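The numbers here are math on the coordinates, done by the rules we state, and not lab data. When we count neighbours, we look across all protein chains shown, and the Cβ atoms used for this are built from the backbone with ideal geometry, even at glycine.
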C-alpha cells in the first residue's frame, strides 16, 4: 500500500457515440495530487485520438480525490475504454 491512495474517483464518461464508432479510447494523462487530496495541475501527455476521449477526462479528474499527506507530483492513469463496457478501473 505504498504511495497515494484514491479515495473518491469516478470513471470517465462512456458516451455511446464512441461505442458505435468502435474506437478504443486510451489517453495518458498526468496529474499532481496535493497533500489535501485534491487533483490539480492535470495535463494530457498523449491522446490519440485526442479529439475523441480527452474532453471527458479532465472532467473526471477535477472530481477525483486522493488520500491526504500523500501527494503524487506526477501520476499516470491510462484512460482505457474497453468495449466490454468498463474502464481501466479494476
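Taking the criterion of being farther than 13 Å from residue 44 by Cβ and in contact with a helix residue (DSSP H, G or I) (Cβ under 9 Å, 6 or more places away or on another chain), the residues of region 54-88 that qualify are 81, 83, 85. Screening the candidates 23, 44 for the property of being under 15 Å from residue 78 (Cβ atoms), in contact (Cβ under 8 Å) with a residue 12 or more places away in the chain and surrounded by 14 or more Cβ atoms within 10 Å (Cβ to Cβ) yields one hit, 44. For the subset of region 1-20 comprising residues that are in a strand (DSSP E or B) and surrounded by fewer than 15 Cβ atoms within 10 Å (Cβ to Cβ), which member is farthest from the chain's Cα centre (by Cα)? This residue is 7. Pairing each residue of region 47-70 that is at positive phi and touching a residue at least 12 places away in the same chain (Cβ under 8 Å) with any residue that is part of a loop (DSSP other than H, G, I, E, B) and surrounded by 14 or more Cβ atoms within 10 Å (Cβ to Cβ), provided the two are 6+ apart or on different chains, yields C-beta distances under 9 Å for 69/37. Within region 75-85, the set of residues being within 16 Å of residue 27 (Cβ to Cβ) and free of Cβ contacts under 8 Å to residues at least 60 places away in the same chain comprises 76, 77, 78, 80, 82. Within region 55-88, being assigned to a loop (DSSP other than H, G, I, E, B) and out of contact with any strand residue (DSSP E or B) (no Cβ under 9 Å at 6 or more places or on another chain) holds for 55, 69, 83, 84, 85.
Checking every residue in region 42-54 against the condition of being within 12 Å of residue 6 (Cβ to Cβ) and not in a loop (DSSP other than H, G, I, E, B) gives zero matches.
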